[PDB]
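Each residue takes its place number in the sequence, starting with 1. Note that ligands are numbered from 1 as they come in the structure, with each ligand's atoms numbered from 1 the same way.
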Amino acid sequence: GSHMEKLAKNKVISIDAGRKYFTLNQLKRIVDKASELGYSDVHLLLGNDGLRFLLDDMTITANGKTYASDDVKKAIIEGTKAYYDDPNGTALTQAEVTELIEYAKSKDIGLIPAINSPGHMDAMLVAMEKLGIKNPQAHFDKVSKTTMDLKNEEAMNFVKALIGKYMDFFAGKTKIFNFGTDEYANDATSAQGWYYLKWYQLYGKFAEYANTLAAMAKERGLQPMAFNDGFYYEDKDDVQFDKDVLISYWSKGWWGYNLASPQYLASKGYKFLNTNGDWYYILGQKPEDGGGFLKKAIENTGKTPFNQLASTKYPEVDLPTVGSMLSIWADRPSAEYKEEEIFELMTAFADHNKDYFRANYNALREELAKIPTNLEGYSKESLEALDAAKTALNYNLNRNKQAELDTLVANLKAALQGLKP
Ligand SMILES: CC(=O)N[C@H]1/C(=N/O)O[C@H](CO)[C@@H](O)[C@@H]1O
């Protein structure tokens, strides 16, 4: 409602760097563009099908043994390559992600990492086989290639420990950690995972897994995030979930795929990051394919309100959100990533919501850096003018006031150009 509240909401661009590889530089250009358009965060899937992030030390202790760091890396590379051997690269390094966090911090952009499980973990599944964990995959109408078997303790201990090490790295570097939990063995159930889980009475074990991951996150000072799919499926509460989880809500599903309504989750106390399916772009999707092609995503940045949760009509239904997230996915990871399409889409979201997005502070930052470090040998006339310009700076401006901001920075330049001994 207020100027302050709107700017305090999260405005997030999501990048699926799990299915598909992105260079440090491509990610830095995304954060750049995120900063310029007044976003607050970049949500970066690192484990999503492919596992595209390796820590310097990947030693894992589970199952009463330890798996050598070198073995863990080699296995993961193999797992990720088997999902998709991307010719542009395999995994980002620790040094790369650390630099991306520092860089994003310098531009007032948070990073929100995601490592997906128990679904979307093709690469982890293969890696576990290579490390001597047999049959880690869930098994329904056929053996899953995507999802871990909830009954396999050996696989479960390994993954939990692996997610731990990832969370240890992000602790004190990022505020939020997304553990995902979307799509339970959809490839093995004709996209009816949750129905299969309830049918087999494994849904309770699903919640246990999810609740464990939320507690792990919290223990290490990370806000846990997850997608909506798995929580209180079909609005039933026979099986309980951690209430502290930030729910990234993208859709209520479709016929026979009966996700909890956002009304039901709100009534359970959840906060949402509005990740509306309407805003999805899948790299390379064409009009003729239906779903999230670029021109529909761009049109929806106007048509679907900022605060509208999927399946609800806003403002008739008005549920509290912490902010909204626009998502770029790489379902066919060999599709070409075309920066400008993403930029055009980010820009369109920001342009239709100028009251939510910050102005562009990059020019201001450039100018503040041109301030001399000592500045003790200049006149008092020169410095009074620089004091007054520095004081008149406004960091609270939204995207409707670029001009108002540019003037302020112009005066800072003039005062800096105005100094003299
Ligand atoms: C949370 C989520 O969105 N999960 C999948 C998805 N579910 O509808 O659609 C996207 C685009 O097809 C996929 O890339 C996602 O991995």
Side-chain angles (χ1 to χ4, degrees), residues 12-22 43-52 80 83-84 86 112-125 144-148 176-194 206 210 213 224-231 233 245-260 262 265 270 272-294 296-297 300 304 309-311 324-335 337 341-342 345:
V12 189
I13 172 68
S14 174
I15 308 291
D16 176 10
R19 294 185 172 100
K20 181 173 178 81
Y21 178 91
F22 288 75
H43 171 269
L44 187 68
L45 296 119
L46 293 175
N48 189 234
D49 299 15
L51 183 55
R52 295 202 182 273
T80 291
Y83 165 67
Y84 173 58
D86 195 329
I112 304 162
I115 310 290
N116 223 331
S117 81
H120 290 97
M121 58 178 288
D122 304 33
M124 286 188 207
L125 297 172
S144 186
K145 298 200 86 183
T146 64
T147 305
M148 178 163 52
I176 300 174
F177 185 100
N178 186 3
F179 59 86
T181 78
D182 61 316
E183 302 186 55
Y184 194 90
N186 276 166
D187 68 328
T189 63
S190 315
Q192 303 166 266
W194 312 110
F206 173 77
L213 291 193
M225 180 178 164
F227 301 112
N228 65 277
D229 316 41
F231 291 74
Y233 175 85
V245 179
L246 177 62
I247 298 292
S248 168
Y249 201 104
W250 72 274
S251 164
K252 193 172 69 187
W254 46 87
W255 180 277
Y257 195 74
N258 311 108
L259 316 184
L265 295 181
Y270 286 104
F272 305 111
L273 173 64
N274 181 15
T275 316
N276 203 304
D278 291 350
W279 300 320
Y280 276 11
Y281 171 53
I282 294 160
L283 298 181
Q285 190 89 347
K286 284 317 193 261
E288 317 92 55
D289 313 320
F293 48 98
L294 179 60
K296 166 147 96 208
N300 286 345
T304 302
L309 292 157
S311 77
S324 294
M325 169 161 103
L326 193 136
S327 312
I328 313 303
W329 298 102
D331 295 30
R332 293 172 256 100
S334 77
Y337 157 67
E341 285 184 327
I342 280 55
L345 174 58

**Report entry** Centroid-centroid distance, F231 to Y270, less than 6.0 Å
**Finding:** yes
Report task. State the CG-OH distance between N258 and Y233, to the nearest 0.5 angstrom. Result -> 4.5 Å
Query raised in the report: Nearest protein heavy-atom contact for atom 5 (C) of ligand 1: which residue, which atom, what distance?
Result: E183 OE2, 2.9 Å
Report summary line: for atom 8 (O) of ligand 1, nearest protein heavy atom and its distance come out as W250 CH2, 2.7 Å
Query raised in the report: Step by step, would you call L125 with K145 a side chain to side chain contact (heavy atoms under 4.5 Å, CB included)?
Result: CA-CA 8 Å; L125 297 172; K145 298 200 86 183; 5.8 Å; no
Query raised in the report: What's the shortest distance from atom 9 (O) of ligand 1 to any protein heavy atom, and which residue and atom give it?
Result: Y280 CE2, 3.7 Å
Query - Taking atom 16 (O) of ligand 1 as the reference point, the nearest protein heavy atom with its distance - result: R19 NH2, 2.7 Å
Query raised in the report: Aromatic ring centroids of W329 and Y280 under 6.0 Å?
Result: yes
**Report entry** Atoms of ligand 1, numbered as shown, that sit under 4.0 Å from any heavy atom of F227
**Finding:** 1 (C)
Query raised in the report: What is the nearest protein non-hydrogen atom to atom 4 (N) of ligand 1, stated with its residue, atom name and distance?
Result: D182 OD2, 2.8 Å
Query - Residues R19, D49: salt bridge by 4.0 Å N-O rule - result: yes
Query raised in the report: How many angstroms lie between atom CG of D331 and atom CG of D289, to the nearest 0.5 angstrom?
Result: 11.0 Å
Report task. Output the list of atoms in ligand 1 that are nearer than 4.0 Å to some heavy atom of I282, sorted by atom number. Result -> 11 (C), 12 (O)
**Report entry** Nearest neighbour in protein (non-hydrogen) for atom 12 (O) of ligand 1
**Finding:** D331 OD2, 2.6 Å
